[PDB]
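So the structure is just underneath, and the comments pick up after that.
There are 2 protein chains.
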Amino acid sequence: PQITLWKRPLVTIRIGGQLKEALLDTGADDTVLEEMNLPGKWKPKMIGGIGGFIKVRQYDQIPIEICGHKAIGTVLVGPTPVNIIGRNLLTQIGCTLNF
Amino acid sequence: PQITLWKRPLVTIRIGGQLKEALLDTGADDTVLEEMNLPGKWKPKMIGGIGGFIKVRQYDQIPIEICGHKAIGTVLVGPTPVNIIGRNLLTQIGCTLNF
Ligand SMILES: Cc1c(O)cccc1C(=O)N[C@@H](CSc1ccccc1)[C@H](O)CN1C[C@H]2CCCC[C@H]2C[C@H]1C(=O)NC(C)(C)C
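Just so you know, the protein sequences line up as chains A and B, in that order. Per the authors' numbering, residue 1 is the first one in the first sequence, and the count goes up by one each step. Per the authors' numbering, residue 1 is the first one in the second sequence, and the count goes up by one each step.
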């Protein structure tokens with residue numbers, strides 16, 4: 001599909017077969033999800049945005065479907081107010097910016 | 001153009017007759033530029049991101065040419081690691097997400 005930017009580009013994602021609303025974010029290098037108790041090993045990480053750094057848990061090779069398109073890769077979990085789909089997964093679904 | 005996301009979507013902007021690199025950021029509502037002088041009145045504002053809130057200066061009605069496309073709108077100036085072109089100006093240049 002084509003998504004305009006009049007509003008926040010929010011789409012449904014599926015992770016663990018669970019559905020969430022998430023922001024398609026070309027300005028994020030990484031995918032960052034709201035606190036969730038995901039199974040498996042993880043590694044501590046820090047990521048910086050506007051305002052400073054937050055601590056996140058890095059989970060690798062996690063399947064996640066974005067607007068019906070399958071993806072698998074690294075997902076960071078931490079205290080974000082919004083689920084963020086970053087470039088690592090946006091490339092996997094063939095997402096582009098066009099003007 | 002069509003821009004893929006294997007690298008950060010950085011483009012050259014021209015603002016106040018000066019060239020800068022800025023990030024095309026669909027996850028940002030607002031446009032936020034690194035410390036710089038812009039003419040005209042500004043007002044103090046606060047904006048929030050992943051790491052928390054920052055203080056910015058809000059300049060309204062500011063011409064910016066983004067990768068050859070003209071916008072005139074609100075530009076926030078403050079402590080950011082990267083120049084960010086947000087949805088307020090991405091919409092003006094006809095930018096969409098596509099997959
Ligand atoms: C989440 C993330 C990563 O995993 C890796 C790199 C950057 C980011 C990141 O937070 N990037 C942001 C741009 S600000 C930015 C800061 C530093 C470097 C590059 C960009 C997001 O694209 C936009 N970001 C998306 C989103 C992040 C969660 C909080 C709510 C919004 C806040 C919004 C944002 O910050 N908007 C402003 C108007 C304040 C600019």
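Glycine is no exception: its CB is placed at the ideal position from the N, C-alpha and C atoms.
Boundaries (first-last residue) of the beta strand (DSSP E) holding residue i
i: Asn98/B; result: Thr96 to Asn98
i: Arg57/B; result: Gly52 to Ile66
i: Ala22/A; result: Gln18 to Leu24
i: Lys45/B; result: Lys43 to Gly49
i: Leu10/A; result: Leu10 to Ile15
i: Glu34/A; result: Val32 to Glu34
i: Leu5/A; result: Segment: none, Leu5/A is in no beta strand (DSSP E) and carries neither H nor E.
i: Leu76/A; result: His69 to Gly78
CB contact below 8 angstroms: residue i versus chain A
i: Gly40/B; result: no
i: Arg14/B; result: no
i: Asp60/B; result: no
i: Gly51/B; result: yes
i: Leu90/B; result: yes
i: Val32/B; result: yes
i: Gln18/B; result: no
Own chain, CB closer than 7 angstroms to residue i, minus 5 neighbours either side, in chain order
i: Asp25/B; result: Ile84, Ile85 and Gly86
i: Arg8/A; result: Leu23
Extent of the continuous alpha helix (DSSP H) to which residue i belongs
i: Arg87/A; result: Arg87 to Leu90
Residues of its chain near residue i, where Cβ-Cβ distance is below 6 angstroms and the 5 sequence neighbours each way are ignored
i: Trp42/A; result: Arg57, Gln58 and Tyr59
i: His69/A; result: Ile93
i: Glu34/A; result: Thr80 and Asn83
i: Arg14/A; result: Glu65
i: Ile3/B; result: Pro9
i: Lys20/B; result: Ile13 and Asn83
is_contact[residue i, chain B] using C-beta, thresh 8 angstroms
i: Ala71/A; result: no
i: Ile64/A; result: no
i: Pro44/A; result: no
i: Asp25/A; result: yes
i: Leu5/A; result: yes
i: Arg87/A; result: yes
i: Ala28/A; result: yes
i: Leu10/A; result: no
i: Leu97/A; result: yes
i: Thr80/A; result: yes
i: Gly94/A; result: yes
Cβ distance (whole Å) where residue i is taken to contact residue j below 8 angstroms
i: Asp30/A; j: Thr74/A; result: 7 angstroms
i: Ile64/A; j: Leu89/A; result: 7 angstroms
i: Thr80/A; j: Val32/A; result: 5 angstroms
i: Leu97/B; j: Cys95/A; result: 6 angstroms
Close-in-space but distant-in-sequence residues of the same chain around residue i (CB under 8 angstroms, 5 per side omitted)
i: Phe53/B; result: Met46 and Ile47
i: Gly27/B; result: none
i: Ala71/B; result: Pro63, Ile64, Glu65, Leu89, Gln92 and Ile93
Near ligand 3: residue i beta-carbon under 7 angstroms from a heavy atom
i: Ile62/B; result: You won't find ligand 3 in this model; what it holds is ligand 1.
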